[PDB]
Amino acid sequence: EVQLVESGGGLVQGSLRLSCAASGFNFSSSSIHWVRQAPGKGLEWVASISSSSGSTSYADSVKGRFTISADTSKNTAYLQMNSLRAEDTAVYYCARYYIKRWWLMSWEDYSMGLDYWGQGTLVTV
Amino acid sequence: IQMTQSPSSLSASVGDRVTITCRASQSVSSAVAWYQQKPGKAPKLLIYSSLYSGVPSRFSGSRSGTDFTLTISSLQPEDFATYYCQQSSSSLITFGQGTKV
Amino acid sequence: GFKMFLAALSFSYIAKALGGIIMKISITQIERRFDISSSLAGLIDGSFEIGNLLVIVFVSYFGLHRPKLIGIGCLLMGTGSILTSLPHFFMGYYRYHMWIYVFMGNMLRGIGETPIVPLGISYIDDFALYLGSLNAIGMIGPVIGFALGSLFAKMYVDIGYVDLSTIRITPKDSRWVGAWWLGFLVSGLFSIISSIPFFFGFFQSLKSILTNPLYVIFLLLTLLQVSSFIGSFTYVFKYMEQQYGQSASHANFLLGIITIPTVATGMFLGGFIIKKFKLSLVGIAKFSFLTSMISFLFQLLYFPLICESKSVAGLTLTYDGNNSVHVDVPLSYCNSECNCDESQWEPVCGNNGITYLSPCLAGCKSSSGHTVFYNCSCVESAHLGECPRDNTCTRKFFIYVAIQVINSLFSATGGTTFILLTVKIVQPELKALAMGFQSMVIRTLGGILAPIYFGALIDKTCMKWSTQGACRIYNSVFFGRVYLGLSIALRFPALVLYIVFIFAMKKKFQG
Ligand SMILES: CC(C)CCC[C@@H](C)[C@H]1CC[C@H]2[C@@H]3CC=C4C[C@@H](O)CC[C@]4(C)[C@H]3CC[C@]12C
Ligand SMILES: CC(C)CCC[C@@H](C)[C@H]1CC[C@H]2[C@@H]3CC=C4C[C@@H](O)CC[C@]4(C)[C@H]3CC[C@]12C
Ligand SMILES: CC(C)CCC[C@@H](C)[C@H]1CC[C@H]2[C@@H]3CC=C4C[C@@H](O)CC[C@]4(C)[C@H]3CC[C@]12C
Ligand SMILES: *[C@@H]1O[C@H](CO)[C@@H](O)[C@H](O)[C@H]1NC(C)=O
């Protein structure tokens, strides 16, 4: 019952806060990654964060104006844009790594490819 | 760290062998992934050199050390979409270029 | 001024450490004086953590005036340290439920120690590294405590009230009691003088802490390891005395000289290894796992270092010393005619190397007064001092001391990483609650329980009781087996959990 719902896509002249609400899995032993897909272009990784801790990873194109957070209690993850120039007008996906569920022990494995994605929000600049 | 797919556009018939190959330029590791993205949908994990559950037994992945290749035994009409190879290291996520049709 | 507060807080750390050491080194003397079992002594030891728990939740929600409340805490420390000394003046002369006062004094000392740690760092960071220096100065306290305990355990319990020329027993005897009260009184006055210069939502975060499988696994692991450490250090003095025939003062001094320099260098080496080789979080976990493995192997090395049960006629042998055996032991013909209360703790061994329970039970009929007996029928001349330990036990004791030094060093290096390997796995904005919950779990479930259920098994290993009062002879083989097997059974699941933790932590995504 793993779900990943993204919301927050709207036209911007710039800043925008987008969310990736999760369900169906233990949020603590998981990570959230944002993927950018320009219209007609290929997938591009934006930012990543671990949910067990404050560990985050970022991309070269978006470092000084992109922030990513996660609220364990809310079971969701958030992404921030600032100074939205005319190059971040893509669709934003949110994805998680694979998670093993032996007994009640839950642990992720980054060696496994993303097994659950999101629908996506269209950000317009 | 960086992966690129040369084939990209690849046209074939129903009975045909499809081969998509991409190479890891920097920081080579076995953590490679294969995603199928239908137009206007989210990508789908297939190979990742093990078959994901629910994927038909016609997709296969292999590597000699740098040549990551995805093979389809028969190109059915249901898999005429774009394909991406993905390197998932620690603290780094990278994507290929895109191989369609 | 900040310098005056820094000096006062350093004195408070010294007093806290000194009080802790004084309480730790006096336990066996308390057991002997109050004729209580080791389970009750462990309960008294855990009453400190009970008192700390009764008040930590309050301070964790209120801040008022931090210096004033710290001063009140140190005053309560001194008051608890003196309350525990009071039964010396409120009791009669020692003869070779008063422990309730010791229990309440330890509780009061814990209540007083609770404010110093959180409020101190709150005031330090509010007006302005410092914590490490404060711990370094507080490391002076163990030194003073161990020296004072070693000095006071060789002075008689009733010093100043007896001529001391009439005391028959010696520190090597199993009925000797030192001047533990003085140690407690000195710690109390030191705490009082340290006090003087001073008066001049949530449950959702709780759920998240638990919903984190790595945090829960590490909490169970640290709980097991800290419980083993507490149960070993609580009875290390008593185990050494009852296993290798050492006096209380000698045991205190030797354990102090083992612990102080080792702890002082480990606190630095463990934190320097990480910063020098730039260990990642998984590297820190592997470091702590390797230290735990080495410590576990050294704990395994203690098992061959178990001296055999002393040859005692009546407990481990027949009353004549002819056959081996410990309850309802029958009387031999040479001993049946000279009937005795069968309950006379008068350690007097024979030249046969066999210790006998009492001169009546040994069959002795004449006494020299240095006391020598004659015509002991079942001894085939005696000597009032019970036969001491054998050279082989002495070499085992030397090996035990060396392995103890190495184990103590490894323990410090492993411990420093633990805390660093429990917050980095939690959100930065939630690290305070993680540290607090880990502290409550470890302090409660180790400090309050591990002494009690270690002492229960230790009593289970006892072979001769006084009055039941204080244990007289411990089954050395059984004592060692229980005292080491409990630690082994507490450490092995911790190791299995570490590998599980390493297995799970690695596959994780790290930024
Ligand atoms: C010596 C023994 C008792 C040590 C503990 C061993 C067993 C009981 C421990 C080891 C790992 C533990 C698990 C670790 C993490 C979780 C996830 C949490 O959401 C529910 C509890 C659960 C599922 C724990 C249950 C108890 C557990 C299985
Ligand atoms: C004789 C040689 C091996 C030096 C030994 C030094 C002593 C102090 C030991 C004790 C614990 C050891 C560390 C334990 C664990 C790790 C993590 C991993 O990164 C391997 C090296 C490293 C960092 C070890 C380095 C050496 C070490 C610091
Ligand atoms: C022993 C009895 C009273 C039950 C105790 C339950 C535990 C969960 C209680 C007792 C003490 C409490 C802690 C006291 C101190 C802190 C530090 C603070 O920065 C966050 C809350 C936290 C972490 C509290 C969390 C809840 C707590 C840990
Ligand atoms: C030991 O026994 C008797 C007393 O029973 C004592 O007078 C004597 O000197 C000793 N010698 C022997 C063997 O009788």
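Residues numbered from 1 in each chain as written, not as in the entry; some residues may be left out. Chains lettered and ligands numbered in written order. Heavy atoms only, no water.

Method of determination for the deposited model, per the PDB record: cryo-EM, at 2.97 Å resolution.

A.B. asks: How would you explain the interface of chain A and chain C if you had to name every residue and give the values?
C.D. replies: Put simply, an interface is often sized by how much accessible area is lost when its parts join up. With 25 residues of chain A at the interface, the matching set in chain C holds 20 residues. Of the roughly 1,600 Å² buried between chain A and chain C, counting both surfaces, carbon and sulfur atoms make up 57%. Counting the surface chain A buries against chain C, the share from its top three residues, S52, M105 and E108 of chain A, is 26%. On the surface where chain A and chain C come into contact, there are zero salt bridges. On inspection of chain A and its partner chain C, the count reaches nine residue pairs in polar contact. Class assignment for the residues of the side of chain A that touches chain C results in six nonpolar, 17 polar and two charged. (Contact = heavy atoms within 4.5 Å. Buried area = accessible area lost by both parts, 1.4 Å probe. Salt bridge = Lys/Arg side-chain N within 4 Å of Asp/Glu carboxyl O. Polar contact = N/O pair within 3.5 Å; in protein donor to acceptor, adjacent residues only side chain to side chain. Nonpolar A, V, L, I, M, F, W, Y, C, P; charged D, E, K, R; others polar.)

A.B. asks: If you had to explain the state of the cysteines to someone new, which residues and values would you point to?
C.D. replies: In protein chemistry, a disulfide is the covalent bond that joins the sulfur atoms of two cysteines. Residue and element names in this part refer to chain C. Applying the stated criterion to the full structure yields eight disulfides over all chains. What pairs with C462 in a disulfide is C471, and their sulfur atoms sit 2.0 Å apart. Across the S-S bond linking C462 and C471, the dihedral sits near 100°, which makes this disulfide right-handed. For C471, a relative accessible area of 12% puts it in the buried group. The thiol of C338 is unpaired, and the distance to the nearest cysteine sulfur, on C360, comes to 3.3 Å. (Disulfide = S-S within 2.5 Å. Buried < 20%, exposed > 50% of the residue type's maximum accessible area, 1.4 Å probe, protein only.)

A.B. asks: Just give me the short version of the site of ligand 2, but keep the residues and values in it.
C.D. replies: Residues and elements named next belong to chain C. Taken together, the neighbourhood of ligand 2 is formed by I273, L279, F287 and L290. Compared with its free state, where it exposes 590 Å², ligand 2 has 39% of that area covered by protein. Looking at the shell around ligand 2, its residues break down into four nonpolar, no polar and no charged. (Near = heavy atom within 4 Å. Areas by Shrake-Rupley, 256 points an atom, 1.4 Å probe, with all protein chains shown as cover.)

A.B. asks: Can you tell me about the site of ligand 1, naming the residues and giving the values?
C.D. replies: Every residue close to ligand 1 is listed here: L104 of chain A together with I217 and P493 of chain C. The environment around ligand 1 is built from residues contributed by chains A and C. Across the complex, the protein chains shield 48% of the 610 Å² of accessible surface that ligand 1 would expose by itself.

A.B. asks: Break down the pairing of strand β3 (residues 31–37) of chain A for me, citing the residues and quoting the values.
C.D. replies: Residue and element names in this part refer to chain A. Among the seven residues of β3, seven are classified as buried, and the element is accordingly described as predominantly covered. Here β3 shows no split at all, with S31, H33, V35 and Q37 on one side and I32, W34 and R36 on the other all buried. Bridge count for β3 against strand β4 (residues 43–50) is seven bridges, and the pairing is antiparallel. What sits directly across from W34, in β4, is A47. Linking β3 back to β4 in an antiparallel pair, the connection comprises five residues, with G40 at a positive phi of about 90°. Two elements, β3 and strand β8 (residues 91–96), share six bridges in a ladder whose sense is antiparallel. (Helix = DSSP H or I, 4+ residues; strand = E, 2+ residues; numbered from the N terminus. Pairing = 2+ DSSP bridges.)

A.B. asks: Help me get a handle on the sheet that holds strand β6 (residues 66–71) of chain A, residues and values and all.
C.D. replies: Residue and element names in this part refer to chain A. Pairing in this open sheet of four strands is antiparallel, and the strands run β1-β2-β7-β6 from one edge to the other. In the strand order of this sheet, the two ends are held by β1 (3–7) and β6, each with one partner. Shown here is a sheet whose adjacent strand axes are inclined to one another by a mean of 15°, direction ignored. Of the strand pairs in this sheet, strand β2 (residues 16–23) and strand β7 (residues 76–81) are connected by six bridges, and their pairing is antiparallel. Paired with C20 across the two strands is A77, which belongs to β7. (Axes fitted to C-alpha atoms, helices over the stretch in contact; angles between N-to-C directions.)

A.B. asks: Describe the side chain of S81 of chain C, listing the residues and the values that go with them.
C.D. replies: Residue and element names in this part refer to chain C. Residue position: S81 is located in helix α4 (residues 66–85). A distance of 2.8 Å separates a polar side-chain atom of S81 from the backbone oxygen of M77. Excluding anything up to four places from it in sequence, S81 contacts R109, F184, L185, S187 and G188.

A.B. asks: So what's going on with the sheet that holds strand β7 (residues 82–88) of chain B? Residues and values would help.
C.D. replies: Residue and element names in this part refer to chain B. The strand order across the open sheet formed by four strands is β4-β3-β7-β8, and the pairing between neighbours is antiparallel. In this open sheet, the two edge strands, each paired with only one partner strand, are β4 (44–45) and β8 (93–95). Two strands pair when backbone bridges link them, and strand β3 (residues 32–37) and β4 are joined in this way by two bridges, in the antiparallel orientation. Each bridged residue has a counterpart across the sheet, and for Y35 the counterpart in β4 is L45.

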